[PDB]
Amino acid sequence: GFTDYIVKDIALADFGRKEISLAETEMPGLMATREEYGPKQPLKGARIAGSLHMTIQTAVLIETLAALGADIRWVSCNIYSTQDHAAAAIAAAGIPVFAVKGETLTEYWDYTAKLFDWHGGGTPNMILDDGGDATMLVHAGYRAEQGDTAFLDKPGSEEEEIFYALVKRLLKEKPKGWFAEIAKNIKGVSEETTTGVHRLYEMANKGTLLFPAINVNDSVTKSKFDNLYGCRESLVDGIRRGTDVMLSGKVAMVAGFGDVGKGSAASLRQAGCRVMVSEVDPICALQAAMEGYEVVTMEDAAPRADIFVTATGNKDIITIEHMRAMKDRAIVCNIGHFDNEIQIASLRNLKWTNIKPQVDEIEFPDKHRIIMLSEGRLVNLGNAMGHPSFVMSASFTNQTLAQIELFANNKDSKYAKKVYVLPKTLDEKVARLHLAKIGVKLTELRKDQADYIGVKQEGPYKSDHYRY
């Protein structure tokens, strides 16, 4: 009967379910959230369109939202990040999901569009986003629909051209006013990642943001955990699964020393690499120098590093000029959200030899080769399994609490068409939910100790400005 999904192979559902069961044990924050909020059904009547890597971890999130009352449609936010067994389990549970590892860019955007065609008619009333692509579709569509169609005839990348072609097709095919109808019905968006959050604040600042938004990335229990420790665990996992290279004895270069760069550099250092870093920000650079990382330019690194990782959220970090200078069989990859950190398109006239899924060897006219991972897309999710469940539990608890805020706790319009963050009390609660599983025994302040440092015994323990 149920056919409203696109997955690689529904027979993977049982395997998916086994690994989802294992992840539940490792995701105490999600599981406690189900227990606390299940009886309250705060998401009853929510119609959540999610665009977030369709992994086993995400499957636990999906089922949490469903356990709280939500009706759901889902897609991945990257073409290579889906775990097909996870997608199959979600589909077998009767939830619409459109996600295949190795789907094309065309497919990616057609699937994103399928979020907004709700079963039984109508549209979503919430978005849960990672990177802002779903949110961008609604806003670009609404822009074009109100008459400003000129940006669509003017593409400047392959993905961008596919995107514009999609918006034109929806405008042609859907009823008139369809983007405005969606816009009107979306009660809020919660956004997972640094790149997506930037896109939000750009819209808020231009006055074009169409609905309230919560920035989940800037919870301390997301940015200082997921971005940092998740990358610490999953960067080298992606490199090893892709290449099986010996990391001890190698020189690695990491571009960027923000939250993800700090994690990435650590990942490699802990695996035995001698790590160099680039930075444009002098504070971040000084932080890298204080951890004993050599801070150099990509020009200085290009001829000598064995492994290159972009972690900036910026564009044109590793250029064709750098790659021409690289040693034979240098490994290149990207852990930032989008592939344009590396000039992949500049390599497309060269000879590519596919080694295996998400691993390609690219040969230059002088016969030197480079090893490219996931065609420059997120290496941790492309070549491995992304961040482990325990850390994603912290991120996804924050997401769930964000969806509850926007969907259930905005009766008094406390959330306007602006970008908000979760309050410290909720940030601390998320951490508190993860302590027992890892055997942490938290100290309780006596009343006089609490008074002495100016806090309540139950928190919050730190000012909103505190950097951790």
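Residue numbers here begin at 1 and follow the sequence given.
- Mean C-alpha B-factor is higher over 1 to 9 than over the other stretch, the pair under comparison being 459 to 467 and 1 to 9.
- Taking only CA atoms, the mean B-factor in the PDB entry is higher for 136 to 144 than for the other of 136 to 144 and 313 to 321.
- Looking only at 191, 160, 244, 328, the residue with the top Cα B factor in the deposited structure is 160.
- Note on 258, 386, 207, 282: the highest value goes to 207, judged by CA B factor as recorded.
- In this PDB entry, residue 233 carries a Cα temperature factor that places it within the lowest third of its chain's modelled residues.
- Ranked within its chain, residue 156 lands in the highest third, by CA B factor from the PDB record.
- Ranked within its chain, residue 413 lands in the highest third, by CA B factor from the PDB record.
- Among the modelled residues of its chain, residue 20 has a C-alpha B-factor that falls in the lowest third, as given in the PDB entry.
- Ranked by Cα temperature factor within the chain, residue 396 sits in the lowest third according to the deposited record.
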